[PDB]
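Colleague: below you'll find the sequence and an experimental structure to go with it.
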Amino acid sequence: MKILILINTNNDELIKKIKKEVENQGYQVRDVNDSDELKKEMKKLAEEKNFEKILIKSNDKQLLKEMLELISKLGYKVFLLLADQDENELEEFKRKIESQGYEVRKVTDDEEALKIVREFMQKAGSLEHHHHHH
């Protein structure tokens, strides 16, 4: 069971800020560049069954959809955030992912994105709270 925060923003510098958020929370920042790279990193999602927090950076929304369709074989809670000024195509893209049963959040703005990343931590709090008493 691994907690993935998938980030697709055309603001590639906003990813660096979203990194600062997840680095303080101890997420390992991965990045998908190509389809060959995709299936390599999907093998890591298949191999690592141990509990780990990962930030998936990919600014190509096609790699995302195909990734999540292969994650459907693994079966875990994945988070997704879409930040770009063409929120039109993001609103169309979230429609597939939300129907696939994956967490997807459509935004545009810098701090509007960052707040949802800080939320993905407290959303993953429900994953933590399964028979885990203190």
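Modeller: The structure has been received and is ready for your questions. Numbering: from 1, shown residues only.

Colleague: would you map the helices across the chain?
Modeller: Ranges of helices in the chain, per DSSP state H, are 12-23, 35-47, 61-71, 87-99, 110-123, 125-128.

Colleague: would you format those helices as CSV with mean neighbour count and distance to residue 81 included?
Modeller: Bear in mind the C-beta positions are built from the backbone N, C-alpha and C, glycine included. Formatted as CSV, the helices of the chain follow (neighbours: other CB atoms under 10 Å; distance: least, CB to CB, whole Å):
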stretch, mean neighbour count, distance to residue 81
helix 12-23, 15, 8
helix 35-47, 13, 18
helix 61-71, 18, 11
helix 87-99, 15, 10
helix 110-123, 16, 5
helix 125-128, 11, 17
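
Colleague: so which of the ones you listed is nearest residue 78?
Modeller: When the helices of the chain are compared by CB to CB, helix 61-71 sits nearest residue 78, at 5.9 Å.

Colleague: now the closest one and helix 87-99, what's the angle there?
Modeller: Orientation of helix 61-71 against helix 87-99 (axes from the mean of the first three to the mean of the last three CA atoms, to 10 degrees) gives an angle of 0 degrees.

Colleague: for residue 33, give me phi and psi.
Modeller: phi -100, psi -30 (degrees, to the nearest 10).

Colleague: follow-up on the earlier one: quick one: which of the helices of the chain is nearest residue 6?
Modeller: Judged by CB to CB, the one of those that comes nearest to residue 6 is helix 61-71, at 6.2 Å.

Colleague: what's the closest one packed up against?
Modeller: Here helix 61-71 touches strand 2-9, helix 35-47, strand 78-83, helix 87-99, going by 3 or more CB pairs under 8 Å, 6 or more residues apart in numbering; DSSP states H and E.
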